[PDB]
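Novice: PDB, N, CA and C atoms, file entry_15.pdb:
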ATOM      1  N   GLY A   1    -115.625  87.035  45.072  1.00  0.00           N
ATOM      2  CA  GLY A   1    -114.491  87.925  44.895  1.00  0.00           C
ATOM      3  C   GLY A   1    -113.945  87.840  43.468  1.00  0.00           C
ATOM      4  N   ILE A   2    -112.904  88.622  43.219  1.00  0.00           N
ATOM      5  CA  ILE A   2    -112.283  88.643  41.907  1.00  0.00           C
ATOM      6  C   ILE A   2    -111.284  87.490  41.800  1.00  0.00           C
ATOM      7  N   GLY A   3    -110.588  87.249  42.902  1.00  0.00           N
ATOM      8  CA  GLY A   3    -109.603  86.181  42.947  1.00  0.00           C
ATOM      9  C   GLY A   3    -110.279  84.809  42.883  1.00  0.00           C
ATOM     10  N   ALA A   4    -111.591  84.822  43.059  1.00  0.00           N
ATOM     11  CA  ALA A   4    -112.363  83.591  43.024  1.00  0.00           C
ATOM     12  C   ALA A   4    -112.585  83.175  41.569  1.00  0.00           C
ATOM     13  N   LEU A   5    -112.547  84.166  40.692  1.00  0.00           N
ATOM     14  CA  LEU A   5    -112.742  83.917  39.273  1.00  0.00           C
ATOM     15  C   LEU A   5    -111.549  83.130  38.728  1.00  0.00           C
ATOM     16  N   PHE A   6    -110.381  83.437  39.273  1.00  0.00           N
ATOM     17  CA  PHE A   6    -109.160  82.768  38.854  1.00  0.00           C
ATOM     18  C   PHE A   6    -109.213  81.274  39.180  1.00  0.00           C
ATOM     19  N   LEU A   7    -109.590  80.985  40.416  1.00  0.00           N
ATOM     20  CA  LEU A   7    -109.686  79.606  40.867  1.00  0.00           C
ATOM     21  C   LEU A   7    -110.717  78.866  40.012  1.00  0.00           C
ATOM     22  N   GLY A   8    -111.709  79.617  39.556  1.00  0.00           N
ATOM     23  CA  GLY A   8    -112.760  79.047  38.730  1.00  0.00           C
ATOM     24  C   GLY A   8    -112.197  78.526  37.406  1.00  0.00           C
ATOM     25  N   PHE A   9    -111.149  79.192  36.943  1.00  0.00           N
ATOM     26  CA  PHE A   9    -110.511  78.809  35.694  1.00  0.00           C
ATOM     27  C   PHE A   9    -109.767  77.481  35.845  1.00  0.00           C
ATOM     28  N   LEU A  10    -108.914  77.427  36.857  1.00  0.00           N
ATOM     29  CA  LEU A  10    -108.137  76.227  37.121  1.00  0.00           C
ATOM     30  C   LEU A  10    -109.081  75.092  37.520  1.00  0.00           C
ATOM     31  N   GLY A  11    -110.177  75.474  38.160  1.00  0.00           N
ATOM     32  CA  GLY A  11    -111.164  74.502  38.601  1.00  0.00           C
ATOM     33  C   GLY A  11    -111.983  73.979  37.420  1.00  0.00           C
ATOM     34  N   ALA A  12    -112.342  74.900  36.536  1.00  0.00           N
ATOM     35  CA  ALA A  12    -113.123  74.547  35.363  1.00  0.00           C
ATOM     36  C   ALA A  12    -112.287  73.647  34.451  1.00  0.00           C
ATOM     37  N   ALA A  13    -111.056  74.076  34.215  1.00  0.00           N
ATOM     38  CA  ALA A  13    -110.149  73.321  33.367  1.00  0.00           C
ATOM     39  C   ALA A  13    -110.042  71.887  33.889  1.00  0.00           C
ATOM     40  N   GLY A  14    -110.329  71.737  35.174  1.00  0.00           N
ATOM     41  CA  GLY A  14    -110.269  70.429  35.806  1.00  0.00           C
ATOM     42  C   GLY A  14    -111.406  69.531  35.316  1.00  0.00           C
ATOM     43  N   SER A  15    -112.625  70.019  35.500  1.00  0.00           N
ATOM     44  CA  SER A  15    -113.799  69.272  35.082  1.00  0.00           C
ATOM     45  C   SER A  15    -113.779  69.069  33.565  1.00  0.00           C
ATOM     46  N   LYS A  16    -112.943  69.859  32.906  1.00  0.00           N
ATOM     47  CA  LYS A  16    -112.820  69.775  31.461  1.00  0.00           C
ATOM     48  C   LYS A  16    -111.838  68.659  31.101  1.00  0.00           C
ATOM     49  N   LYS A  17    -110.568  68.922  31.372  1.00  0.00           N
ATOM     50  CA  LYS A  17    -109.525  67.952  31.082  1.00  0.00           C
ATOM     51  C   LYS A  17    -109.343  67.030  32.290  1.00  0.00           C
ATOM     52  N   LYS A  18    -108.128  59.909  34.239  1.00  0.00           N
ATOM     53  CA  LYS A  18    -107.387  58.712  33.880  1.00  0.00           C
ATOM     54  C   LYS A  18    -106.556  58.253  35.080  1.00  0.00           C
ATOM     55  N   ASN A  19    -105.314  58.710  35.108  1.00  0.00           N
ATOM     56  CA  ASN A  19    -104.409  58.356  36.190  1.00  0.00           C
ATOM     57  C   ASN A  19    -104.741  59.200  37.422  1.00  0.00           C
ATOM     58  N   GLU A  20    -104.704  60.511  37.229  1.00  0.00           N
ATOM     59  CA  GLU A  20    -104.996  61.435  38.310  1.00  0.00           C
ATOM     60  C   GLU A  20    -106.369  61.129  38.913  1.00  0.00           C
ATOM     61  N   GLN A  21    -107.232  60.565  38.083  1.00  0.00           N
ATOM     62  CA  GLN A  21    -108.574  60.220  38.520  1.00  0.00           C
ATOM     63  C   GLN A  21    -108.527  59.053  39.508  1.00  0.00           C
ATOM     64  N   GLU A  22    -107.735  58.051  39.156  1.00  0.00           N
ATOM     65  CA  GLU A  22    -107.592  56.877  39.999  1.00  0.00           C
ATOM     66  C   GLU A  22    -106.953  57.258  41.336  1.00  0.00           C
ATOM     67  N   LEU A  23    -106.054  58.229  41.270  1.00  0.00           N
ATOM     68  CA  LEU A  23    -105.367  58.695  42.463  1.00  0.00           C
ATOM     69  C   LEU A  23    -106.323  59.553  43.294  1.00  0.00           C
ATOM     70  N   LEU A  24    -107.097  60.369  42.594  1.00  0.00           N
ATOM     71  CA  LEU A  24    -108.052  61.244  43.253  1.00  0.00           C
ATOM     72  C   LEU A  24    -109.185  60.401  43.841  1.00  0.00           C
ATOM     73  N   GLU A  25    -109.409  59.252  43.221  1.00  0.00           N
ATOM     74  CA  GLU A  25    -110.456  58.349  43.670  1.00  0.00           C
ATOM     75  C   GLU A  25    -110.216  57.942  45.126  1.00  0.00           C
ATOM     76  N   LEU A  26    -108.956  57.671  45.431  1.00  0.00           N
ATOM     77  CA  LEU A  26    -108.581  57.271  46.775  1.00  0.00           C
ATOM     78  C   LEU A  26    -108.959  58.382  47.758  1.00  0.00           C
ATOM     79  N   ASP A  27    -108.861  59.612  47.276  1.00  0.00           N
ATOM     80  CA  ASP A  27    -109.188  60.765  48.097  1.00  0.00           C
ATOM     81  C   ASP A  27    -110.619  60.623  48.622  1.00  0.00           C
ATOM     82  N   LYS A  28    -111.491  60.141  47.747  1.00  0.00           N
ATOM     83  CA  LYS A  28    -112.886  59.953  48.108  1.00  0.00           C
ATOM     84  C   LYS A  28    -113.011  58.736  49.025  1.00  0.00           C
ATOM     85  N   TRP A  29    -112.097  57.796  48.836  1.00  0.00           N
ATOM     86  CA  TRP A  29    -112.093  56.583  49.637  1.00  0.00           C
ATOM     87  C   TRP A  29    -111.675  56.957  51.060  1.00  0.00           C
ATOM     88  N   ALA A  30    -110.850  57.991  51.148  1.00  0.00           N
ATOM     89  CA  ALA A  30    -110.369  58.458  52.438  1.00  0.00           C
ATOM     90  C   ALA A  30    -111.563  58.737  53.351  1.00  0.00           C
ATOM     91  N   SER A  31    -112.663  59.136  52.730  1.00  0.00           N
ATOM     92  CA  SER A  31    -113.875  59.438  53.471  1.00  0.00           C
ATOM     93  C   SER A  31    -114.242  58.260  54.375  1.00  0.00           C
ATOM     94  N   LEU A  32    -113.921  57.067  53.899  1.00  0.00           N
ATOM     95  CA  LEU A  32    -114.210  55.857  54.650  1.00  0.00           C
ATOM     96  C   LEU A  32    -113.612  55.979  56.053  1.00  0.00           C
ATOM     97  N   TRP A  33    -112.362  56.420  56.093  1.00  0.00           N
ATOM     98  CA  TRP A  33    -111.667  56.585  57.358  1.00  0.00           C
ATOM     99  C   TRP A  33    -112.561  57.412  58.285  1.00  0.00           C
ATOM    100  N   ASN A  34    -112.968  58.570  57.784  1.00  0.00           N
ATOM    101  CA  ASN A  34    -113.823  59.458  58.553  1.00  0.00           C
ATOM    102  C   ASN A  34    -113.177  59.729  59.912  1.00  0.00           C
TER     103      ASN A  34
END
If you took the structure in this file and wrote it as structure tokens, what would it be?

Specialist:
Amino acid sequence: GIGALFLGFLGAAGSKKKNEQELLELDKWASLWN
């Protein structure tokens, strides 16, 4: 879709631009819970 292009921007800027990483890391750890 067209609105998907927008999300791609905010998403791309993500893979582009520490702390948030360490916090996001736990998100992956959450998988453990399953």

Novice: Any idea what the distance is between atom C of residue 11 of chain A and atom CA of residue 25 of chain A?

Specialist: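 Result for atom C of residue 11 of chain A versus atom CA of residue 25 of chain A: 16.9 Å, one decimal.
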
Novice: Could you put an axis-aligned box around every listed atom of segment 4-11 of chain A, padded by 8 Å on each side, and send me its centre and edge lengths in Å to one decimal, as lines of an AutoDock Vina configuration file?

Specialist:
center_x = -110.4
center_y = 79.4
center_z = 39.4
size_x = 20.6
size_y = 26.8
size_z = 23.4

Novice: Between atom CA of residue 9 of chain A and atom CA of residue 26 of chain A, what is the distance in Å, rounded to a tenth?

Specialist: 24.3 Å
